[PDB]
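Asker: Here you go, one structure.
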Amino acid sequence: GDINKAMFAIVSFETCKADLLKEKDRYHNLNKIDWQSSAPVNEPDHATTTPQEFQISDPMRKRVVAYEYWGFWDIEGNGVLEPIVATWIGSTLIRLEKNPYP
Amino acid sequence: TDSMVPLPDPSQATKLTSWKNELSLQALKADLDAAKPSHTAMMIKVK
Amino acid sequence: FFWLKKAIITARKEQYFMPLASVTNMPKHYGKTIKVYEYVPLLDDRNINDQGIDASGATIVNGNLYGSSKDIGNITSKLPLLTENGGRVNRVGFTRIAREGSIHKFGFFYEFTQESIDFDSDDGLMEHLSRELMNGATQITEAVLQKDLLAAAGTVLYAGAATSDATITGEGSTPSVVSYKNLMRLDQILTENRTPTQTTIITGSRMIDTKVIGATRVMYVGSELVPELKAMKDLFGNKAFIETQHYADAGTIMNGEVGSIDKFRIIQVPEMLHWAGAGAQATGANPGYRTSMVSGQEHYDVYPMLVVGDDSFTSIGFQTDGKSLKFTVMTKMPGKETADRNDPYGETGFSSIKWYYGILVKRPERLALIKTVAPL
């Protein structure tokens, strides 16, 4: 019954390759991604207002569903829980680091 | 090409970072599938 | 009755051949067919030309100096030699080949009604219907690709003494079952075809009870073949199957990998397809191998064990630019809008999904396969 006690949270949103390339330093493994496999219609879990027949021709401007994981993990195995963030598309982990916000 | 996906649902360490213990994609997906049944039941009431 | 409001849902079956294939774009307004050029080397048998002159100076039938043959006799006979006052002695020519592919259509739909969905005892029926629709579509696409790959195999080897699908049998002196020598032969052929090695060897770790693996290729097998692979023994009588636990540490285990044998790393595919009834007729002396009944007669079953090399094929993609296909899904919530010859009121909706499929094979020589029968 309290948000602060929650271990983790997961949000699924739509992004394009341009958004990922805005900060190329942060992300990794952008090459080995199946952009078409993770299309909005191919993922019925995500609920959105985009019409079911819509795909921009430009590869950079196509929008695909991505997941994030904001939670606590024992990074060092010493028994301490520290905040982390993780992002994955399809079956590939593209970003992994600690919580950036203060 | 380059064979198939090199890890069983990225089990073990993908080695993105230098941490001694790394999360791997399987654990995260497993927590997601664990949590999903309750959220699906809850969204029916909102609908 | 007190409904628990939490239904039981199955998960989507994982797909292996969708992420493997590479996809080529294909603009519209421009046909449905893609073509390529192959440039054959100078010293090849496929280089059949007519511009040939030998060291003597007369016209010779074969322009290529000598074919793929590696005899000392042929090489010595057809060496390009040059005299002091050389001129118009040796000529060579070249050739190019073309390959093509095409695109085909697909699709299916379903129906429902306002009353059935709306006034149902369980809410959330529409989301479930959409879920099974998408899962069925993905599974169908996967099966079609796998069927095409098995059909278009270039190097086909028959286990045992058989020479075709029909003569494969499980009764007699030589049952048609995979053995160590067949795996060695397939490795030799794939090395001859200059097929690149997918994986790297594994050097052991420092922990106790750890074995080294020197396999460089990946093999896809069904579930029915794995016990037969496990029982198999090498030339000297020891066990050939080395399970993943031995070399798991200090190595990378691919998903769905049961173990490693010889040069190959065996990957288990749940959805692998098998020919039914292709074998010879099965009598009462059957030692326990799987059979299927066709036209009143028992017949044995044939199992693929496919191997797919790097850059063997590309999938023609119509407006995809990426792995897998693009599905077009349409939904119309029911109402009075629909009209018909005798059904102008309308209370039914639907949801239809369609896609365009095509494949192009660039180097069939790299695809390989071993046909065999599988124990029950």
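Cβ atoms come from the backbone with ideal geometry, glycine included; neighbour counts cover every protein chain shown. What follows is calculated from the coordinates using simple rules that are stated; it is not laboratory data.
Asker: Within region A:23-41, track down each residue that is of a type in the set (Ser, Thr, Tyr) and closer than 19 Å to residue C:323 by Cα.
Answerer: A:37, A:38
Asker: Turning to a different aspect of this structure: Kindly evaluate residue C:200 against the criterion of being within 25 Å of residue C:282 (Cα to Cα) and either assigned to a loop (DSSP other than H, G, I, E, B) or within 18 Å of the chain's Cα centre (by Cα) (or both).
Answerer: In short, no.
Asker: For region A:23-35, indicate whether the set of residues that are touching a helix residue (DSSP H, G or I) at 6+ places or on another chain (Cβ under 9 Å) and under 25 Å from residue C:356 (Cα atoms) is non-empty.
Answerer: The answer is yes, given that some residue of region A:23-35 is touching a helix residue (DSSP H, G or I) at 6+ places or on another chain (Cβ under 9 Å) and under 25 Å from residue C:356 (Cα atoms).
Asker: Being among the hydrophobic types (A, V, I, L, M, F, W, C) and out of contact with any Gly (no Cβ under 9 Å at 6 or more places or on another chain) narrows it down to one residue among C:229, C:133; which is it?
Answerer: Exactly one residue qualifies, and that residue is C:133.
Asker: Another one. Go through region B:1-18 residue by residue and tally those that are buried (at least 16 other Cβ atoms within 10 Å of the Cβ) and in contact with a strand residue (DSSP E or B) (Cβ under 9 Å, 6 or more places away or on another chain).
Answerer: Going through region B:1-18 one residue at a time, the tally reaches 7.
Asker: Let me ask another. Could you please find all residues in region C:76-130 being in contact with a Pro (Cβ under 6 Å, 6 or more places away or on another chain) and not in a loop (DSSP other than H, G, I, E, B)?
Answerer: Across region C:76-130, the qualifying residues are C:114, C:130.
Asker: Considering only region C:61-82, I want to know if a residue exists there that is touching a strand residue (DSSP E or B) at 6+ places or on another chain (Cβ under 8 Å) and either under 30 Å from residue B:44 (Cβ atoms) or not acidic (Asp, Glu) (or both).
Answerer: yes
Asker: When the residues of region B:1-41 are filtered to those that are hydrophobic (A, V, I, L, M, F, W, C), closer than 19 Å to residue C:254 by Cα and not in a loop (DSSP other than H, G, I, E, B), which remaining residue is farthest from the other protein chains (Cβ to nearest Cβ)?
Answerer: That would be B:30.
Asker: Can I ask one more? Which of the following residues is crowded, with 17+ Cβ neighbours inside 10 Å and of a type in the set (A, V, I, L, M): C:89, C:178?
Answerer: C:178
Asker: What are the residue pairs meeting all of these: first residue in region C:57-75, first residue within 11 Å of residue C:91 (Cβ to Cβ), second residue surrounded by fewer than 10 Cβ atoms within 10 Å (Cβ to Cβ) and of a type in the set (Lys, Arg), Cβ atoms under 7 Å, and 6 or more apart or on different chains?
Answerer: That search, which allows pairs on different chains as well, returns C:57/C:88.
Asker: Okay, moving on. Within the set of pairs 6+ apart or on separate chains, which have a first residue in region C:196-223 that is within 13 Å of chain B (Cβ to nearest Cβ), a second that is of a type in the set (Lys, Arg) and assigned to a loop (DSSP other than H, G, I, E, B), and C-beta atoms under 6 Å apart?
Answerer: C:215/C:263; C:216/C:263; C:217/C:263
Asker: Enumerate the pairs (first residue in region C:123-137 and more than 9 Å from chain A (Cβ to nearest Cβ); second residue anywhere and loosely packed, with under 15 Cβ neighbours inside 10 Å and charged (D, E, K, R)) with beta-carbon separation below 6 Å, excluding pairs fewer than 6 apart on the same chain, so at least 6 apart or on different chains.
Answerer: Partner pairs satisfying both residue conditions: C:135/C:12.
Asker: Something else now. Just to be sure, is residue C:301 more than 14 Å from every other protein chain (Cβ to nearest Cβ), over 22 Å from the mean Cα position of the chain (by Cα) and among the acidic types (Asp, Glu)?
Answerer: No, not satisfied.
Asker: So which residues in region A:65-83 are under 19 Å from residue B:25 (Cβ atoms) and facing another protein chain (nearest Cβ under 7 Å), if there are any at all?
Answerer: Selection gives A:69, A:73, A:74, A:75, A:77.
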